[PDB]
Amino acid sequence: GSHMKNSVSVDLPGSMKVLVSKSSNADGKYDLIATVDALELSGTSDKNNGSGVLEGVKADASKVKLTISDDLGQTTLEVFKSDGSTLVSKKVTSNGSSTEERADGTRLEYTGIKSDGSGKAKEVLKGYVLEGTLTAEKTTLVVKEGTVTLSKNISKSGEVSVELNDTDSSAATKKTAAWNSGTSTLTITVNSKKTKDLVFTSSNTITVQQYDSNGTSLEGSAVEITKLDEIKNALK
């Protein structure tokens, strides 16, 4: 039915919004509501400006907690396991930057974020840092070697896919590659023979394995990459 608006919408960093109540309850508290990646979070605050803590629970039982700083300059979005204390992920966002920290210690860092949503991206992994760009569509981290560019894409849902392009002026030495989304594996081909598989693991590591001289089967064992140089060597 027709009704009084009992909340105001407040703008936060990273195009987030929070609804805060116009008046306080008997405990002196203002009600807060926000929708974050399709989950409605709710909380109460002793401030009237939109700052405070909101909580929600995902379908898989994980606990979500959003902390909005007093001056509205920063937001922290934590996801915990159903125990409410084992941290799965933490994303901290301000005007112009954001950092996502994973359970395994790796981070995605976004800086210089522009009015169109684009910016610089860095993925801090064990042993090395991958850099690239953020757009409103996705994050792309690149490694380059000669005329080859390897591109690791991360979708807005966190899904990883990889692609390779080679501007080599010689057809015979040009690298091409195909991605297998079921195995998160990139297979590189040169001169009509598969040469190596780059496996992007669930542990945020990469492994490399060579094919035999005929391109018909993998040989040896997969080697875990620990250095950026090893990725560049794979692209030679």
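The first residue of the shown sequence is 1; numbering continues from there.
- As recorded in the PDB entry, 35-43 is the stretch of 35-43 and 63-71 with the greater mean C-alpha temperature factor.
- Annotation for 83-91 versus 109-117: the higher mean temperature factor (C-alpha) is found in 83-91.
- Comparing the listed residues 195, 205, 170, 184, the entry records the largest Cα B-factor for 170.
- Between the residues 152, 144, 122, 102, it is 102 that shows the highest Cα B-factor in the PDB record.
- In the PDB entry, residue 58 places in the highest third of its chain by CA B-factor.
- Sort the chain's modelled residues by C-alpha temperature factor and residue 136 lands in the highest third, per the entry.
- In the PDB entry, a CA B factor belonging to the lowest third of its chain's modelled residues is recorded for residue 161.
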